[PDB]
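Enquirer: My structure is in protein10.txt, and what it holds is compact mmCIF, N, CA and C atoms:
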```
# COMPACT_ATOMS: atom_id res chain seq x y z
N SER A 22 -14.65 12.00 -12.45
CA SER A 22 -14.60 13.17 -11.51
C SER A 22 -13.21 13.83 -11.41
N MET A 23 -13.23 15.07 -10.92
CA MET A 23 -12.02 15.87 -10.67
C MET A 23 -11.33 15.41 -9.36
N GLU A 24 -12.12 14.92 -8.38
CA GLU A 24 -11.60 14.36 -7.10
C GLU A 24 -10.78 13.04 -7.24
N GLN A 25 -11.02 12.27 -8.31
CA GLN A 25 -10.15 11.13 -8.69
C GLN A 25 -8.87 11.56 -9.43
N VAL A 26 -8.92 12.65 -10.21
CA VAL A 26 -7.70 13.31 -10.82
C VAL A 26 -6.71 13.87 -9.76
N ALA A 27 -7.26 14.49 -8.71
CA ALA A 27 -6.48 15.05 -7.59
C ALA A 27 -5.85 13.96 -6.71
N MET A 28 -6.59 12.87 -6.52
CA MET A 28 -6.08 11.64 -5.90
C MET A 28 -4.85 11.08 -6.65
N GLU A 29 -5.00 11.00 -7.97
CA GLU A 29 -3.96 10.51 -8.87
C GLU A 29 -2.76 11.45 -8.98
N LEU A 30 -2.97 12.76 -8.87
CA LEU A 30 -1.85 13.70 -8.73
C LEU A 30 -1.03 13.45 -7.43
N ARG A 31 -1.70 12.96 -6.37
CA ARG A 31 -1.04 12.51 -5.12
C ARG A 31 -0.37 11.12 -5.24
N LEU A 32 -1.05 10.15 -5.87
CA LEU A 32 -0.43 8.85 -6.14
C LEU A 32 0.76 8.98 -7.09
N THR A 33 0.55 9.66 -8.21
CA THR A 33 1.61 10.02 -9.15
C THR A 33 2.79 10.64 -8.42
N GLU A 34 2.52 11.52 -7.46
CA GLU A 34 3.59 12.22 -6.73
C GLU A 34 4.28 11.39 -5.64
N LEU A 35 3.52 10.58 -4.91
CA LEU A 35 4.11 9.55 -4.03
C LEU A 35 5.05 8.65 -4.86
N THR A 36 4.56 8.20 -6.01
CA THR A 36 5.38 7.45 -6.96
C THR A 36 6.64 8.20 -7.44
N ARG A 37 6.55 9.52 -7.63
CA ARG A 37 7.73 10.36 -7.89
C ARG A 37 8.69 10.31 -6.69
N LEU A 38 8.18 10.51 -5.49
CA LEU A 38 9.03 10.48 -4.29
C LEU A 38 9.63 9.08 -4.04
N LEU A 39 8.82 8.03 -4.19
CA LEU A 39 9.29 6.66 -3.93
C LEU A 39 10.30 6.16 -4.95
N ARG A 40 10.27 6.70 -6.16
CA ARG A 40 11.31 6.42 -7.16
C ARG A 40 12.67 6.81 -6.63
N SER A 41 12.75 8.06 -6.18
CA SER A 41 13.93 8.61 -5.54
C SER A 41 14.42 7.77 -4.36
N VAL A 42 13.51 7.30 -3.53
CA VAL A 42 13.89 6.58 -2.31
C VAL A 42 14.51 5.21 -2.66
N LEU A 43 13.89 4.53 -3.61
CA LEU A 43 14.40 3.28 -4.13
C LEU A 43 15.83 3.46 -4.66
N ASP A 44 16.01 4.48 -5.50
CA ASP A 44 17.31 4.76 -6.12
C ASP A 44 18.41 4.85 -5.05
N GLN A 45 18.10 5.51 -3.94
CA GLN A 45 19.03 5.71 -2.84
C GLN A 45 19.29 4.46 -2.01
N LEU A 46 18.27 3.63 -1.82
CA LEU A 46 18.45 2.33 -1.14
C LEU A 46 19.32 1.41 -2.01
N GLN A 47 19.01 1.39 -3.31
CA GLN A 47 19.74 0.57 -4.26
C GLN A 47 21.20 1.00 -4.45
N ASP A 48 21.53 2.28 -4.19
CA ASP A 48 22.93 2.71 -4.18
C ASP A 48 23.70 2.14 -2.98
N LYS A 49 23.02 1.75 -1.91
CA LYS A 49 23.66 1.06 -0.77
C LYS A 49 23.88 -0.44 -0.99
N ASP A 50 23.60 -0.92 -2.21
CA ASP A 50 23.87 -2.30 -2.67
C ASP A 50 24.68 -2.19 -3.97
N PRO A 51 25.96 -1.79 -3.84
CA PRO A 51 26.81 -1.63 -5.03
C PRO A 51 27.22 -2.99 -5.57
N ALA A 52 27.23 -4.02 -4.71
CA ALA A 52 27.47 -5.39 -5.15
C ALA A 52 26.33 -6.00 -5.98
N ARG A 53 25.17 -5.34 -5.99
CA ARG A 53 23.98 -5.78 -6.73
C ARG A 53 23.46 -7.18 -6.35
N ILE A 54 23.68 -7.54 -5.10
CA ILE A 54 23.20 -8.80 -4.54
C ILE A 54 21.66 -8.83 -4.49
N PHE A 55 21.04 -7.68 -4.30
CA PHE A 55 19.57 -7.58 -4.16
C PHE A 55 18.85 -6.98 -5.38
N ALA A 56 19.56 -6.84 -6.50
CA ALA A 56 19.05 -6.21 -7.69
C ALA A 56 17.96 -6.98 -8.37
N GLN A 57 18.06 -8.30 -8.30
CA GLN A 57 17.24 -9.19 -9.10
C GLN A 57 16.69 -10.28 -8.21
N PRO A 58 15.61 -10.93 -8.65
CA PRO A 58 15.11 -12.00 -7.79
C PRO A 58 16.13 -13.12 -7.74
N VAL A 59 16.16 -13.85 -6.61
CA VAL A 59 16.88 -15.12 -6.51
C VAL A 59 16.39 -16.11 -7.57
N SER A 60 17.32 -16.51 -8.45
CA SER A 60 17.08 -17.50 -9.52
C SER A 60 16.63 -18.88 -9.01
N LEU A 61 15.50 -19.32 -9.55
CA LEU A 61 14.92 -20.61 -9.22
C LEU A 61 15.59 -21.68 -10.02
N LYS A 62 16.13 -21.32 -11.19
CA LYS A 62 17.03 -22.23 -11.90
C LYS A 62 18.25 -22.56 -11.04
N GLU A 63 18.83 -21.55 -10.38
CA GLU A 63 20.08 -21.71 -9.59
C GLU A 63 19.88 -22.05 -8.12
N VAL A 64 18.67 -21.77 -7.60
CA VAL A 64 18.22 -22.19 -6.26
C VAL A 64 16.80 -22.73 -6.41
N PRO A 65 16.67 -23.93 -6.99
CA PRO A 65 15.36 -24.57 -7.09
C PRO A 65 14.64 -24.76 -5.76
N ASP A 66 15.35 -24.94 -4.63
CA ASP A 66 14.69 -25.18 -3.33
C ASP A 66 14.15 -23.91 -2.63
N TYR A 67 14.21 -22.75 -3.28
CA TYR A 67 14.19 -21.47 -2.57
C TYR A 67 12.84 -21.18 -1.96
N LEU A 68 11.78 -21.48 -2.70
CA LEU A 68 10.43 -21.29 -2.19
C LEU A 68 10.05 -22.27 -1.05
N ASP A 69 10.82 -23.33 -0.83
CA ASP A 69 10.68 -24.12 0.40
C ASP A 69 11.12 -23.32 1.63
N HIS A 70 12.04 -22.38 1.44
CA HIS A 70 12.58 -21.58 2.53
C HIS A 70 11.90 -20.23 2.66
N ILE A 71 11.73 -19.55 1.53
CA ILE A 71 11.26 -18.18 1.53
C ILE A 71 9.93 -18.09 0.80
N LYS A 72 8.87 -17.90 1.60
CA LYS A 72 7.52 -17.84 1.07
C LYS A 72 7.18 -16.57 0.27
N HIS A 73 7.74 -15.43 0.65
CA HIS A 73 7.52 -14.19 -0.10
C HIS A 73 8.85 -13.55 -0.53
N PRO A 74 9.39 -14.01 -1.66
CA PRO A 74 10.62 -13.42 -2.24
C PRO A 74 10.45 -11.98 -2.62
N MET A 75 11.55 -11.23 -2.55
CA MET A 75 11.55 -9.85 -2.91
C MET A 75 12.94 -9.40 -3.33
N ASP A 76 12.95 -8.46 -4.27
CA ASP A 76 14.17 -7.89 -4.86
C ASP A 76 13.86 -6.48 -5.38
N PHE A 77 14.90 -5.75 -5.79
CA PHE A 77 14.75 -4.35 -6.25
C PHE A 77 14.02 -4.23 -7.61
N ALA A 78 14.37 -5.06 -8.58
CA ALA A 78 13.72 -5.03 -9.90
C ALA A 78 12.20 -5.31 -9.82
N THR A 79 11.83 -6.19 -8.90
CA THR A 79 10.43 -6.48 -8.58
C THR A 79 9.75 -5.27 -7.91
N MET A 80 10.37 -4.63 -6.92
CA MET A 80 9.89 -3.33 -6.32
C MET A 80 9.71 -2.20 -7.35
N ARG A 81 10.68 -2.11 -8.25
CA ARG A 81 10.66 -1.15 -9.33
C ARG A 81 9.45 -1.37 -10.26
N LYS A 82 9.16 -2.63 -10.61
CA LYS A 82 8.06 -2.94 -11.53
C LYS A 82 6.76 -2.39 -10.94
N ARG A 83 6.54 -2.76 -9.68
CA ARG A 83 5.37 -2.36 -8.89
C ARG A 83 5.20 -0.84 -8.74
N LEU A 84 6.31 -0.16 -8.52
CA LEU A 84 6.36 1.28 -8.44
C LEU A 84 5.98 1.98 -9.74
N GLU A 85 6.52 1.52 -10.86
CA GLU A 85 6.18 2.15 -12.14
C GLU A 85 4.73 1.81 -12.58
N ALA A 86 4.13 0.81 -11.92
CA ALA A 86 2.71 0.53 -12.02
C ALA A 86 1.90 1.15 -10.86
N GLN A 87 2.44 2.18 -10.23
CA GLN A 87 1.74 2.93 -9.16
C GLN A 87 1.02 2.01 -8.17
N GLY A 88 1.68 0.92 -7.81
CA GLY A 88 1.11 -0.15 -6.99
C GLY A 88 1.42 -0.08 -5.50
N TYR A 89 2.10 0.99 -5.09
CA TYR A 89 2.35 1.26 -3.66
C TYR A 89 1.43 2.40 -3.29
N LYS A 90 0.48 2.10 -2.41
CA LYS A 90 -0.57 3.04 -1.98
C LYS A 90 -0.06 3.97 -0.89
N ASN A 91 1.05 3.62 -0.26
CA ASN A 91 1.67 4.45 0.78
C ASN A 91 3.13 4.05 1.00
N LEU A 92 3.86 4.79 1.82
CA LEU A 92 5.20 4.41 2.24
C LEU A 92 5.26 3.07 3.01
N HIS A 93 4.28 2.75 3.84
CA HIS A 93 4.34 1.49 4.63
C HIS A 93 4.43 0.25 3.74
N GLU A 94 3.63 0.21 2.70
CA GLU A 94 3.68 -0.87 1.74
C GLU A 94 5.09 -1.00 1.13
N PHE A 95 5.71 0.13 0.80
CA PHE A 95 7.06 0.17 0.21
C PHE A 95 8.10 -0.34 1.19
N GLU A 96 8.01 0.10 2.44
CA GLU A 96 8.90 -0.35 3.51
C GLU A 96 8.80 -1.84 3.84
N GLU A 97 7.63 -2.45 3.58
CA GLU A 97 7.44 -3.89 3.84
C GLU A 97 8.21 -4.75 2.83
N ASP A 98 8.14 -4.32 1.57
CA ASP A 98 8.90 -4.92 0.51
C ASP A 98 10.41 -4.85 0.78
N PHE A 99 10.88 -3.70 1.25
CA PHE A 99 12.29 -3.48 1.51
C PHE A 99 12.83 -4.38 2.59
N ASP A 100 12.09 -4.46 3.67
CA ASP A 100 12.33 -5.42 4.75
C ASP A 100 12.21 -6.89 4.39
N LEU A 101 11.37 -7.23 3.41
CA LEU A 101 11.37 -8.57 2.83
C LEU A 101 12.73 -8.92 2.28
N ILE A 102 13.26 -8.06 1.43
CA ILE A 102 14.57 -8.29 0.86
C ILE A 102 15.59 -8.62 1.96
N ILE A 103 15.65 -7.76 2.97
CA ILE A 103 16.63 -7.91 4.04
C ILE A 103 16.37 -9.16 4.86
N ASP A 104 15.12 -9.32 5.30
CA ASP A 104 14.79 -10.39 6.24
C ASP A 104 14.88 -11.75 5.53
N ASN A 105 14.53 -11.81 4.24
CA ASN A 105 14.61 -13.08 3.52
C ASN A 105 16.07 -13.52 3.51
N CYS A 106 16.91 -12.59 3.09
CA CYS A 106 18.34 -12.81 2.98
C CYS A 106 18.97 -13.24 4.30
N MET A 107 18.54 -12.62 5.39
CA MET A 107 19.08 -13.00 6.71
C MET A 107 18.61 -14.35 7.24
N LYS A 108 17.51 -14.88 6.72
CA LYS A 108 17.12 -16.24 7.07
C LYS A 108 17.81 -17.25 6.16
N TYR A 109 17.82 -16.99 4.86
CA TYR A 109 18.26 -17.97 3.87
C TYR A 109 19.73 -18.23 4.01
N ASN A 110 20.49 -17.16 4.18
CA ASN A 110 21.94 -17.23 4.28
C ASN A 110 22.42 -17.23 5.71
N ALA A 111 23.45 -18.02 5.98
CA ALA A 111 24.09 -18.00 7.31
C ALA A 111 24.83 -16.69 7.62
N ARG A 112 25.07 -16.51 8.90
CA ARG A 112 25.65 -15.30 9.48
C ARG A 112 27.01 -14.93 8.93
N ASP A 113 27.86 -15.92 8.64
CA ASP A 113 29.23 -15.68 8.16
C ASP A 113 29.29 -15.78 6.64
N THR A 114 28.44 -15.00 5.97
CA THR A 114 28.37 -15.00 4.51
C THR A 114 28.29 -13.57 3.96
N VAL A 115 28.85 -13.41 2.78
CA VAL A 115 28.82 -12.15 2.09
C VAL A 115 27.38 -11.66 1.89
N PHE A 116 26.42 -12.58 1.69
CA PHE A 116 25.02 -12.19 1.47
C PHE A 116 24.40 -11.60 2.73
N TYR A 117 24.47 -12.33 3.84
CA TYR A 117 23.94 -11.86 5.12
C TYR A 117 24.59 -10.53 5.53
N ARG A 118 25.91 -10.48 5.49
CA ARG A 118 26.61 -9.23 5.74
C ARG A 118 26.14 -8.06 4.83
N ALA A 119 25.85 -8.35 3.56
CA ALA A 119 25.34 -7.32 2.68
C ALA A 119 23.96 -6.78 3.11
N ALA A 120 23.13 -7.65 3.69
CA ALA A 120 21.80 -7.26 4.15
C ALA A 120 21.87 -6.37 5.39
N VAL A 121 22.70 -6.78 6.37
CA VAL A 121 22.93 -6.01 7.58
C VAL A 121 23.34 -4.60 7.23
N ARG A 122 24.32 -4.48 6.33
CA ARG A 122 24.77 -3.18 5.81
C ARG A 122 23.68 -2.39 5.08
N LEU A 123 22.90 -3.05 4.24
CA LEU A 123 21.81 -2.38 3.52
C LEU A 123 20.69 -1.85 4.42
N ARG A 124 20.46 -2.60 5.51
CA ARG A 124 19.48 -2.27 6.52
C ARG A 124 19.99 -1.06 7.33
N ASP A 125 21.21 -1.18 7.85
CA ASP A 125 21.82 -0.09 8.61
C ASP A 125 21.86 1.23 7.80
N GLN A 126 22.32 1.13 6.55
CA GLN A 126 22.39 2.31 5.68
C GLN A 126 21.03 2.77 5.15
N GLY A 127 20.09 1.85 4.99
CA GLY A 127 18.75 2.20 4.54
C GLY A 127 17.94 2.98 5.58
N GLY A 128 18.20 2.73 6.87
CA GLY A 128 17.42 3.31 7.98
C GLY A 128 17.36 4.83 7.96
N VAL A 129 18.53 5.40 7.72
CA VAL A 129 18.73 6.84 7.59
C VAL A 129 17.85 7.41 6.46
N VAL A 130 17.95 6.79 5.28
CA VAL A 130 17.22 7.21 4.09
C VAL A 130 15.70 7.15 4.28
N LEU A 131 15.26 6.15 5.05
CA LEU A 131 13.83 5.90 5.31
C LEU A 131 13.26 6.85 6.36
N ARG A 132 14.01 7.03 7.45
CA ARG A 132 13.79 8.09 8.44
C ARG A 132 13.53 9.48 7.81
N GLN A 133 14.22 9.84 6.73
CA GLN A 133 13.96 11.13 6.04
C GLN A 133 12.77 11.08 5.07
N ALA A 134 12.54 9.93 4.45
CA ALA A 134 11.36 9.74 3.61
C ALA A 134 10.04 9.73 4.40
N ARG A 135 10.05 9.21 5.63
CA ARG A 135 8.86 9.22 6.46
C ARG A 135 8.48 10.69 6.68
N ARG A 136 9.47 11.50 7.04
CA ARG A 136 9.27 12.92 7.28
C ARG A 136 8.74 13.68 6.04
N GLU A 137 9.24 13.38 4.83
CA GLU A 137 8.78 14.06 3.59
C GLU A 137 7.38 13.66 3.07
N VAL A 138 6.92 12.47 3.46
CA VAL A 138 5.55 11.99 3.16
C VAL A 138 4.52 12.64 4.09
N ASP A 139 4.79 12.61 5.40
CA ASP A 139 3.96 13.31 6.41
C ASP A 139 3.88 14.80 6.07
N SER A 140 5.06 15.42 5.96
CA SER A 140 5.23 16.83 5.57
C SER A 140 4.42 17.21 4.30
N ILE A 141 4.86 16.75 3.12
CA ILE A 141 4.20 17.10 1.85
C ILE A 141 2.76 16.55 1.66
N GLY A 142 2.37 15.55 2.47
CA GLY A 142 0.99 15.03 2.51
C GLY A 142 0.90 13.54 2.23
```
What is this structure when it is put down as C-alpha cells?

Expert:
Amino acid sequence: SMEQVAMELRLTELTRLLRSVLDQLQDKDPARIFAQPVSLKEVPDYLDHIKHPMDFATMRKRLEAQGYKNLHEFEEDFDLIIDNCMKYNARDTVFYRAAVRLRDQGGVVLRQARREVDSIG
C-alpha cells in the first residue's frame, strides 16, 4: 500500500531528525567516555551491576536500523547511558562527573528536539 510508504517517509524522517540529535548529544562527550559499550573483557562483573547497558555506538546501530519508533524510545536509551554511569561509578570520579555534564548539556538539545517532533509531526 501507499499508506505504508507514507508511514515510512515519516519513520525515515524521524530517523533523519534523530541522527542530528544524537550527533549533538555525542558532541557533549568530547572525552568519548560514552562512545562505546563498557568492555566485559575489562569489566567482567558489569552485568551484575547494570542490567541494561547502553552507549552511543549501540544507539547509532539501532537508529540506522530505523528501530526508534518515536523520540521517547530514543530518550530512554540516552538516560540509560547517564543513569547506568551514575550508579556504577562513585560520585568523585571522572565518569560520574562526565554523566552529570552530559545530562545537563543534553537537556537543552532534547527540549528543542521535543518541539521539532511535535511541530513537524

Enquirer: If we count only N, CA and C atoms, what is near stretch 26-37 of chain A at a cut-off of 8 Å, once residues fewer than 4 positions away on the same chain are taken out, given as a PyMOL selection string?

Expert: chain A and resi 22+41-42+84-85+87-92+138+142

Enquirer: Select, counting only C-alpha atoms, all protein, DNA and RNA residues no farther than 9 Å from (16.9, -13.2, -1.1) in file coordinates, and express the selection as a ChimeraX atom specification.

Expert: /A:54-55,57-59,67,71,74-76,101-110,116

Enquirer: Considering only C-alpha atoms, state which residue in the set A:80, A:123, A:86, A:64 is at the smallest distance from residue A:46.

Expert: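 Closest residue, counting only C-alpha atoms: A:123.
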
Enquirer: Would you please extract all alpha helix (DSSP H) residues from chain A, as assigned by DSSP on the backbone, and give them as JSON, numbers by chain?

Expert: {"A": [23, 24, 25, 26, 27, 28, 29, 30, 31, 32, 33, 34, 35, 36, 37, 38, 39, 40, 41, 42, 43, 44, 45, 46, 47, 48, 67, 68, 69, 70, 77, 78, 79, 80, 81, 82, 83, 84, 85, 92, 93, 94, 95, 96, 97, 98, 99, 100, 101, 102, 103, 104, 105, 106, 107, 108, 109, 115, 116, 117, 118, 119, 120, 121, 122, 123, 124, 125, 126, 127, 128, 129, 130, 131, 132, 133, 134, 135, 136, 137, 138, 139, 140, 141]}

Enquirer: Expressed in Å to a single decimal, how great is the separation between atom CA of residue A:48 and atom CA of residue A:77?

Expert: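 If I compute the distance from atom CA of residue A:48 to atom CA of residue A:77, I get 11.0 Å.
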
Enquirer: Atom CA of residue A:65 and atom CA of residue A:44, how far apart in Å?

Expert: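 Atom-to-atom, atom CA of residue A:44 to atom CA of residue A:65, that is 29.4 Å.
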
Enquirer: What does the distance from atom CA of residue A:73 to atom N of residue A:61 come to in Å, to one decimal?

Expert: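 Atom-to-atom, atom CA of residue A:73 and atom N of residue A:61 are spaced 13.4 Å apart.
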
Enquirer: Near residue A:45, counting only C-alpha atoms, which residues have an atom at most 12 Å away, once you skip same-chain residues fewer than 2 positions from it, shown as a PyMOL selection string?

Expert: chain A and resi 38-43+47-51+77+123+126-131+133-134

Enquirer: Looking at A:62, A:135, A:23, A:118, which one is nearest to residue A:95, with distances taken over only C-alpha atoms?

Expert: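 Of all the options, A:135 lies closest to residue A:95.
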